[PDB]
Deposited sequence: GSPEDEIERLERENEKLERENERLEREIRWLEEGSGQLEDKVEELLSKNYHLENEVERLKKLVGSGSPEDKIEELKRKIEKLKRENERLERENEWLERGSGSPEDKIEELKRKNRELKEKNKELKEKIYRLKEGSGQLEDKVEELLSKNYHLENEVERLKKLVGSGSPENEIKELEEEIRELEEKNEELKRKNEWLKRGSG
């Protein structure tokens, strides 16, 4: 089915999109690097991020709400993708296949573009890394900087009251389940 194609290419492109962004940043740091200077300032940046992780960790008194919020955010993601799958089929049934096939065409063009750039970016980094020892240190420290960045934001999506948060997410789940049901009713109505 066309929507099986659409889903696949969106999955693959977003990952490419994310991975290319990281490579862009690495090259931007290694071309700009005076590399010893760049290393020092990455240490300080990672130092500041690790203390923020610690600060935010202490603002979390219990992991039990954290677990719950994480669980609800996952459920919300499941429900949204399923609602999107139902809306696409419903549009397709109502309005025909010309709209997916153009979307697919655009998605396969961007996919090829994204992969071409990925290969170029990755090729540039190997060249940039080259008989250099500082260069790997810079690689690791940027990688660490990426993970600490992600960790600070994870702890920011939590801390504000954790139970007010669970209250919100559970209301959103009610809305999505209501929407899911309407979309399935319209779908069965169409395929009758």
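### Query
For this chain, which runs of the deposited sequence have no C-alpha coordinates, given in order from the N-terminus?
No coordinates exist for the deposited residues in 1, 35-36, 134, 164-165, 199-201, so these stretches are absent from the model.
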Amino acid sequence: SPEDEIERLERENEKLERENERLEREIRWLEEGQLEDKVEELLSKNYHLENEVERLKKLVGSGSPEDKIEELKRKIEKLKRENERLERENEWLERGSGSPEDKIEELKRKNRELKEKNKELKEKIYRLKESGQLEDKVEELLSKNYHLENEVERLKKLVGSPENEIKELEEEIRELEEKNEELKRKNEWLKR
From here on, numbers count along this sequence of modelled residues.
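### Task
Mind pulling up the entry and telling me whether 95-103 or 70-78 has the higher mean Cα temperature factor?
Mean B over CA atoms: larger for 95-103.
### Query
Taking only the CA atoms, which stretch has the higher mean B-factor in the record, 16-24 or 167-175?
The stretch with the larger average C-alpha B-factor is 16-24.
### Task
Return the residue from 161, 143, 150, 46 that has the highest Cα B-factor in the entry.
In this record, 161 carries the highest C-alpha B-factor of the candidates.
### Task
Pull the Cα B-factor of residue 127 out of the PDB entry and bin it into the chain's lowest, middle or highest third.
As the PDB entry reports it, the C-alpha B-factor of residue 127 lands in the highest third of its chain.
### Task
Divide the modelled residues of the chain into thirds by Cα B-factor and specify which third, lowest, middle or highest, holds residue 56.
Lowest third of the chain for residue 56's C-alpha B-factor.
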